[PDB]
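Laid out below as structure tokens are two forms of one and the same protein chain, each shown alone and named structure 1 and structure 2.
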Structure 1
């Protein structure tokens, strides 16, 4: 028994073809089964024919005869059909309201999540369907990981290098950081974990969580977890107040945080607030400063990634009493300078998926572009707070969508929070970039921030752009542009100071080739998000939707503190770069 995800109507029916098995009311369960291929219906029991060796599960072909269920062929003389009168049969038959359209729930229940349209709907549908879609997608995501073949260590060529043998008649996952494996040792009568791992083409390179002397017969699977059901909404109901509520501002504040005093008062004057923090505008400075402005306030700092939480811990270590901070870790190497797993500490730093059930004066949820509606609901379900602050930049990168192939996902569709920030705008905006030379601020201000991002620094005069298509080669799941690496190699012979540069590209294989030929440290745009370097060399590599995604480009070129060389493929973004042009040698 439970609640009808379309009506709320109390019901004893869940669709058994739906991977989540959502409770549906007589009217909603019926309208669902007759308009789609879903025909298995679950109650206190499953509406299946209880006859001996009969394979009827379709609820439109089944009858209640006695207190058992039968098809047409096996039914007793006295029966009624399970599924007639525009309704399906269970408990609470007389309480049931229905819907004028069931169209959105059917599409959510039946899509394979390969089309952008599927994510657009999951983000514009009613709130209760946002949860259903968030669960349904995540389960589809964790199941798709099972479809991948096991990889087995056939030979240990060296340290940090292997020869893999792959399961037959199953696809092989891409070998990039977005696919984290889990090793396993071959025991008497089972298997035991041996750290998480990643792989990249050579034989294969492997960068594992822990070090070992792993040997033949050891194997690797992408560990998938149980997806729990969602109760709480993605955003609580908004409330605007006329005074600061439940929070007592400080009388003395330092000139370090004085620029955020207006913004921190806004935080106290509404239930939830969005802060768009572009690159190097001071998001974590803002987050920690909130603690100093409201000194007695209990604050849970949360983000999706360990990295994101740890960076909040680093900043907190510089400004807040260590004895008042705690890092929550579930029983990967993260921050270890606070007492571990102390829920009742004033300042609690913890990933979304590890949150305890607790209350707080303020909740800060950082790197919000990376959040899914699933994460949004979980936080609302674990944390009951006087105030909620969402910090991020919908102009930066989202959580990768492993199933998406048709269409681009626009930032207004990354999650409920990014949708608000792109439709009504963000409550607060950090308008001054401290990190990047002016040529780079001017470029991304126009490109994705509506000319509202201002440069601290001056022109560096060390921002260059070269238009060079070169030659694109493809391997199993990535792109390589060797002539673009060549152009960079020639550039470093004539400009050897740039040998301190980080190499960035949109492709892990480009990076692996660039690492051999150049010896620069390498990052995917996607791994570079939240890091800064004095000097950045960027090869676009292709003109795909992937290498031209304006959020990706935004992150690529805002990594640079001093200078950047951009070797471009796309005539569009090249022409948008407010950088010095260089001829091809």
Structure 2
């Protein structure tokens, strides 16, 4: 009941009872909150409420201290003090940004902007408030009850009337009734049980609404610049493979934390694993938000680091199949590979946090809270995709507001930049370099002359709000009959429903742009499907076309992005 003010750190007994997270406010700050917002309930040891029997006055501005107790104007004794006076709320030990964070519904981009341009304590209140709000919004969706079971991969669902139906992709994971987590995709709907269970009729599904725990650690610890490599011991015997990164590896050792911007295929994993070879005795925790990113770091480790000094940390509530070739759940191994949400409370000489564009300020905080480290290294690319903000419907979130790390990389620049793409044909490297990298990304590969674009708006149908463009899929089908080397292509679109249709008609494997991030394929076919903010987003577009190692076909809806593709154009 007695703590420190979230704005100025001053001691007080005051918490805002109106704020969903009930944050400590000092007398000066608590006043400035209640006087300029609809927030009027103050909490102490006891609520600031009129103590007169049957009185309903809870608004601190209308209340007085008489003796040791509180009363309104109607009930206060002659000798009483207003609780709100001289810019203060009476409490023990006697802001425009805090008010917007406390009261916003998180549906506007401006809300996320403010949560990332504010002071460090307000980043934490914002992150916890946002996350709390995101969780309570899951409760709003309807229960999904199994009407009938068709097959091992398809059933028919019945949806609770009076509540809306959640989007049916992989981004929305359900819990069966506890018969294991389940996902659904498009009457016949396709089910996927994590645990292989004989799906019974009447069993129901609900989105997991986990309680949002307080935060405590900053998103970033304060920066420290050292004169010499601190707490780490280099080799004088580094493999030529990692020679290029030695100066950057020395920078990692001479700062508290460092940022690395690595555009697609520029050697991020190679850098991360190479850090262990350069500081061979250092204990390194490798972390990312997703099991995929952590597995990708494991695959690289398997090739270059001693397998007996690596462990893959898997939570006992295992949701996806992940990396099997390390000792599982040996926290004390030199090399620990673990999702942010599963991190143990431990220490490390180096923490490597990968795919940083996908992290929230909540994730950055948790990592600082669970891991006490000599050095923190943040790897990714703010020109790639952020974590989906399920509440944000109005405005676009710019890369400089993704999290504290992306904000530094977009403002003062990253500490280190991997400048040569070794994955993509020059046509793709030249396009994205100009689009999101200020012409600083260089091609290693030649032009493949297997990069084509076709401008074809087609016809846009919708499966609810998910878009479909059958004529664009028809153009692809026609191209495949004339280009049989592309039979092996991965089909990519900004929409699951487009992918579902392409799957049946083309038989190609299928990938959303968001699910494709971190992966690479010889040949990619991309149908833009629609001209929307979603489908024209330059980060999404960057990821989409940089998946390709040899060839890409882009069927485009947007003139601007069509014209910027430095590709051979096809007719029909």
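Positions refer to the first chain, counted from 1. Rigid core here is just the name for the largest C-alpha set that superposes within 1.5 Å across the two forms.
- Hinge residue among 264, 510, 109, 348 for the rigid-body motion between structure 1 and structure 2: 109.
- Rigid-part rotation between structure 1 and structure 2: 11° for the smaller part relative to the larger (C-alpha based, whole degrees).
- Core superposition gives residue 242 a CA displacement of 1.6 Å between structure 1 and structure 2.
- Relative to the superposed rigid core, residue 131 shifts its CA by 0.2 Å between structure 1 and structure 2.
- We note a C-alpha movement of 2.1 Å at residue 343 between structure 1 and structure 2, with the rigid core held in register.
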